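Chemist: My structure is below; once you've seen it, I'll send some questions.
Here the Cβ is made from the backbone with ideal geometry for all residues, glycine too, and neighbour counts use every protein chain on show. Only the coordinates and a few stated rules stand behind these numbers; no lab work does.
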Amino acid sequence: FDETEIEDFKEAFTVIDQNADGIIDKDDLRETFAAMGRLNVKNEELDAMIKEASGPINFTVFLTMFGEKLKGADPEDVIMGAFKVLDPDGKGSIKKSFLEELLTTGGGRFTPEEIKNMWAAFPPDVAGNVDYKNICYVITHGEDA
Amino acid sequence: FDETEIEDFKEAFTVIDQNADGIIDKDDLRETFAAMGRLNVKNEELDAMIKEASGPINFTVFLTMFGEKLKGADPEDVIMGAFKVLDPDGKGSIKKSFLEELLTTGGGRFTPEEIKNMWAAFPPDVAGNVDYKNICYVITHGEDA
Amino acid sequence: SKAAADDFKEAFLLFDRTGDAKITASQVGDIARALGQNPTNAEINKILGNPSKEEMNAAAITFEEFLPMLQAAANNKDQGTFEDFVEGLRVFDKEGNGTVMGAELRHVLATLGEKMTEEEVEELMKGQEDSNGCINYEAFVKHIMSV
């Protein structure tokens, strides 16, 4: 965890903790979702978020919960560092079959089935290994941009 | 020591001296660490901080201890002054090999091995000598931002 | 002689990167220049070889060899006459005003005789040549003899 990433989680903690007392309760979760447009947010969704913690969601409990789910989270500059080492001549997005062979043949984390899931929402270019950069974006901030 | 840097150390001395009597004892160290989230701060860490002084930690003993550890501490504006003289055309971060050659070939403090340690937590850009500015930040205030 | 100038020994401690009080034979040319002596690089080369000293293989030094080599180079400082430096450049460009066109002095200083790198040539013209492309060598040779 770099310090600017921890400051981003402190700002997200303050936007969900609308009572500003330092502990995100279930009313803060529901009022942050209602301010984003969720008028139908069920109480069972709020209870499942609180069921991931053993205590009240203060800043260090929110940081430890996000730490334990993001144990391989990598910032965009280090993902582009590794993709610039995979394309060491610069500019070009690397081939689809080169990333499939190098993921498998180096590591067990790069096994195929997982490579079909990589191509599956990370579209073609991304999946193929040709573009580059959009995948670093969606690994640090999810969903389609 | 510029006067605003001495006022920053006076404010840090007042935040660690929670009894407000002018001398930081071991109870102040432990209660400042517990207010930052350190519930497991051992007494041997507090004793090693007090073992760096010959007397009680008043404001002038804290300033002389920090002076003797920071005998080459440079503010961010003077580090950016020197990096603007290394990049005299402005804007561009300077090359990796140019900073390695100019550190070595001018001074003994710029010898290589030390240059590998500079690249080692000061990442690539920083290490390489291309970016600039993030290294001035972390030299005045440590750890990843 | 001492006049025993002990600051030559203190400057040898600023050029020795290992702190063992020895200076390699490849640094001796530039350190004679930093002590106030301008021997040409062929002269520094000859003297070395003259004494069956090879600058091609690893070298170390001792102060006891560097001191007499600086004292053998110190007699040759009578060759530094500024009349001939300004008259050299006065024969290098027409008309009665001391101006070399930029690229004439840069290509002559890099390729004629003892090769100076174009990085060092740009560092010696920086400030004395403005955007007209004309180097005034009356002030240029004055500032080169100020160091």
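Chemist: Looking only at the range B:96-121, filter to residues that are in a loop (DSSP other than H, G, I, E, B) and away from chain C (no Cβ under 14 Å); which one of those is farthest from B:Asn134 (Cα to Cα)?
Modeler: Out of the qualifying residues, it is B:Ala120.
Chemist: Please indicate, with yes or no, whether at least one residue in the range B:42-50 is touching an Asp or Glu at 6+ places or on another chain (Cβ under 9 Å) and more than 27 Å from B:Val138 (Cβ to Cβ).
Modeler: Scanning the range B:42-50, I find at least one residue that is touching an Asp or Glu at 6+ places or on another chain (Cβ under 9 Å) and more than 27 Å from B:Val138 (Cβ to Cβ), so the answer is yes.
Chemist: Further question on the same structure: Would you mind finding the one in B:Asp87, B:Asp77 that is surrounded by 14 or more Cβ atoms within 10 Å (Cβ to Cβ) and either over 23 Å from A:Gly81 (Cα atoms) or touching a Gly at 6+ places or on another chain (Cβ under 6 Å) (or both)?
Modeler: B:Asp87
Chemist: Also: Among the numbered conditions (1) closer than 30 Å to A:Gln18 by Cα; (2) under 18 Å from the mean Cα position of the chain (by Cα); (3) among the small types (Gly, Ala, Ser), tell me where A:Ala48 comes up short.
Modeler: (2)
Chemist: Let me ask you something else. Can you tell which of C:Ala73, C:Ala103, C:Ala139 is touching a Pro at 6+ places or on another chain (Cβ under 9 Å) and among the aliphatic types (A, V, I, L, M)?
Modeler: C:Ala73
Chemist: In addition: For the range C:1-49, give me every one of the helices (runs of 4 or more DSSP H) that falls completely inside it and has 1 or more residues that are within 14 Å of chain B (Cβ to nearest Cβ) and more than 14 Å from C:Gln71 (Cα to Cα).
Modeler: Because the criterion is at least 1 residues that are within 14 Å of chain B (Cβ to nearest Cβ) and more than 14 Å from C:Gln71 (Cα to Cα), the helices (runs of 4 or more DSSP H) in the range C:1-49 that meet it are C:7-15, C:28-33.
Chemist: Considering only the range B:131-145, state which residues are more than 12 Å from chain A (Cβ to nearest Cβ), surrounded by 15 or more Cβ atoms within 10 Å (Cβ to Cβ) and more than 16 Å from B:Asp8 (Cβ to Cβ).
Modeler: B:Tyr132, B:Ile135, B:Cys136
Chemist: Being out of contact with any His (no Cβ under 7 Å at 6 or more places or on another chain) and not in a helix (DSSP H, G or I): is that true of A:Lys71 here?
Modeler: yes
Chemist: Can you pull out the residues in the range C:50-74 that are more than 13 Å from C:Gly29 (Cα to Cα), acidic (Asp, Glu) and in a loop (DSSP other than H, G, I, E, B)?
Modeler: Residue satisfying the conditions is C:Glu54 alone.
Chemist: So, one more: Within the range B:80-95, can one find any residue that is more than 14 Å from chain A (Cβ to nearest Cβ) and among the polar types (S, T, N, Q)?
Modeler: Looking for residues that are more than 14 Å from chain A (Cβ to nearest Cβ) and among the polar types (S, T, N, Q), one finds none in the range B:80-95, hence no.
Chemist: Taking helices (runs of 4 or more DSSP H) that fall entirely within the range A:1-67, which contain at least 3 residues that are within 14 Å of chain B (Cβ to nearest Cβ)?
Modeler: A:3-16
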